[PDB]
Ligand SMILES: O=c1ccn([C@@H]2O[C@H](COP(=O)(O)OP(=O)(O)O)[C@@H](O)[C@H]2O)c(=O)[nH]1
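One chain comes next, on its own, written as structure tokens: the form deposited without uridine-5'-diphosphate (UDP).
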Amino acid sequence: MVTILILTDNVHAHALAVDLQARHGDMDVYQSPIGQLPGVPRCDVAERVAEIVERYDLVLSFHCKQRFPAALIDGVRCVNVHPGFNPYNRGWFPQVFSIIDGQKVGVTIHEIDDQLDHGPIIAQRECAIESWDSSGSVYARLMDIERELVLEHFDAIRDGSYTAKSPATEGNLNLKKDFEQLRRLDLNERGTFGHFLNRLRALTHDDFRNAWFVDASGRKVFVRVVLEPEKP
């Protein structure tokens, strides 16, 4: 008896959403106008507030990066699923920034307020970062944890039977621009080999061409690292 709107542009969250839908039933699964998921219906949130409010009991977003209209937040219960450990490295690509700065990463399910990845926490779970992890390998585990956490908490999210708690501090927020500035490797920058290995593995995600430098002759060169722990 609970009508749920799911919104996500993320491929892994969408696969999760499709499974929740097969199990729950009264749930629609949409992406935004800029989403790139083929065959997934599209919802322009800013233009659909009264419709969403009239039709749904709960809006459940995954990996949302754009703030919801105040009227939406007020008109219906809005919950977001974020693949970082709030309030640390809120925003873009939490694992990239955690690999670099040592703070916790994980998955957080929280009530939505007017700030990004901010607001009362319903549940969260940490994900360990190993010395040999890259962004891509942490991200993969984060997607498993996300599925594990959401499935465990689904009934309480659907029913509203939790007591959510705001984090104790504001933490820190990373935006797209903070990621873009990390991508560029300054060949002149001094630091430890550990620091440099952290930077390269933080920027390594499957075959994405994230990290780049410009060489002594003006040519752009992309870089990633392959890290392999000795078997125990």
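From 1 onward, residues are counted along the sequence shown.
Quick note: we don't show the form deposited with uridine-5'-diphosphate (UDP) bound, though the next part is all about it.
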Original post:
Are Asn10, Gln95 and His205 jointly within 4.5 Å of uridine-5'-diphosphate (UDP) in the entry with it bound, each by at least one heavy atom?
Top reply: yes
Original post:
Which of these stretches, 135-143, 156-164, 71-79, 103-111, has heavy atoms within 4.5 Å of uridine-5'-diphosphate (UDP) in the entry with it bound?
Top reply: 135-143
Subject >> Any non-hydrogen atom of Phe179 within 4.5 angstroms of uridine-5'-diphosphate (UDP) in the entry with it bound >> reply: yes
Subject >> 4.5 angstroms heavy atom contact with uridine-5'-diphosphate (UDP) in the entry with it bound for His63 >> reply: yes
